[PDB]
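The structure tokens that follow cover one protein chain in two forms, given apart as structure 1 and structure 2.
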Structure 1
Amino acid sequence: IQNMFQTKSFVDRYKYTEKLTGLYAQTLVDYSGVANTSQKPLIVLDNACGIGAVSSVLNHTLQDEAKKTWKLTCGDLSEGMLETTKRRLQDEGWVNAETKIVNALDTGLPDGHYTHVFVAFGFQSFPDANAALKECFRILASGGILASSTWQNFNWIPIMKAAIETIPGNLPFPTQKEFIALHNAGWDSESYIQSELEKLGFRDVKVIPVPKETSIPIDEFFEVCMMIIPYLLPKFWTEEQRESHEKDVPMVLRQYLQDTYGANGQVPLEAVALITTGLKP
């Protein structure tokens, strides 16, 4: 049995999906205070780092003096994700950085080691977010900061649903709220997040909704859809529906996007992410 995040097909399209998660990488780094903090040296984990969105921002945002003494660990469960991150580390010239297989549910990392742990769009992807959150608390030093981003709303699932509705068969498709809660519910709620962090002993917890709007060419948006739809069909369609229609999804998506946004058009991306910070005493 495969994990979706470890398949080459998924990793290879993730650069298009990073156009969506990357909307909040600068937000998360800047809201964490890592560029202004009194903690020194910086010991940073990019947890569930993907292809390195947060790590890339950190390397472009932090002072040279701070990078002389910091250590950055880019952690992920997926060997394929880390292979891509490692190429980016080399290409962008990150300093004092390393990739490492890190299971967010059981990191193997030391108690009280990190000044900062970033979890950019990980908690709604982990099998159990609470276990991952407890690990974050364990591995942070006194005074350490957890900074996370999670989805509250976004328009791309509704766009895909509208495309799917142009197929005969009245085919099911998740709502945004269903999609974001497939693994862990609650991470679209400020009050849930605050309560969960506080129950573990985090203090000074802040949860801020941040709206973003941009646009992406239809051909790049198509790749995002193609990365996600195949993992939803076994859950939302019957076997007969898949036999009848799965092969038609690419054409339907192309046609919907061209018809709606233009043959050389741009898809509006609109989202709200919750940007959470908490302090370990």
Structure 2
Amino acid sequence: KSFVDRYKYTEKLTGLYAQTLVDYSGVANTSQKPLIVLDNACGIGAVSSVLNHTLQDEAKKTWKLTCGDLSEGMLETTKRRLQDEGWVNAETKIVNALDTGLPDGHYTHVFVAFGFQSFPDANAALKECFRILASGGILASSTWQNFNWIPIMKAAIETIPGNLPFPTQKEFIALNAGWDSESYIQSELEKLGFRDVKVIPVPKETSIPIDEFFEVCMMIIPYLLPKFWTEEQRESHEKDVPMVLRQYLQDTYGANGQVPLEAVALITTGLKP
């Protein structure tokens, strides 16, 4: 369980990628046909809010926005936002991304902003996206790749004698093989028939307090070091890693007790032929 697998550190960040996801989808580009859009797992409607502010009035006269989610509590909040912000031709309703009950070939755009990693069956949800998309429809999703926490841990390991092996941020990711992977997403989309698939990484800056950053690292090294250090290296150093890291973190970030850190989301786009 990494930092991006913890709701504590990602809940506050998902809103930062809503505008990004809308821009990459291309939805704001003028098109001939009317827009029929599904904000799948819309939550508090982060994407829907952006859509309504980004789209000009002419495209909104003829479009239909559906905000789907399985939580009534979040739909209650989203319908009040729909009202306050003056969304046009927008609706809220219960929609199971696993089993949407929505028509075949009906939507020009399906948005899934940080949903696939929450679904108990992401493959079922992806096939539903494909089914309900019309010809020429666009699937646009955002998912978590990682926090760039390896270089900080690495800087601490570097201070121990023995020039000890340790993965780069990339190598640790390949230990991990799902929607946090560009190659995996491209393959899963292309299998179902999506074309022109693009998976782009997008970084945003966040920070984690020293105390919590340390605790998470300590939950991970029991798995990570045995894979990279030999028995002899572990016997000499492994027990010292905790105090080394805590010392590094205090020396480096003790002034304000916060670890600056980059969060990377993957923006995915694909076209139903």
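The term rigid core refers to the maximal set of C-alpha atoms that superpose within 1.5 Å between the two forms. Numbers given to residues start at 1 and step along the sequence of structure 1.
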>> Please name the one residue from 147, 132, 207, 160 with a C-alpha displacement of 2 Å or more between structures 1 and 2, using the rigid core for the superposition.
In response: 160
>> Superposed on the rigid core, does the Cα of residue 64 end up 2 angstroms or more away between structures 1 and 2?
In response: no
>> Once you overlay the rigid core, does the Cα of residue 177 travel 2 Å or further between structures 1 and 2?
In response: yes
> Hey, does residue 41 budge by 2 Å or more at the Cα between structures 1 and 2 once the core is superposed?
Replying inline: no
>> Relative to the superposed core, report the C-alpha shift of residue 85 between structures 1 and 2 in angstrom.
In response: 0.3
> How much does the C-alpha of residue 19 move between structures 1 and 2, in Å, given a rigid core overlay?
Replying inline: 3.9
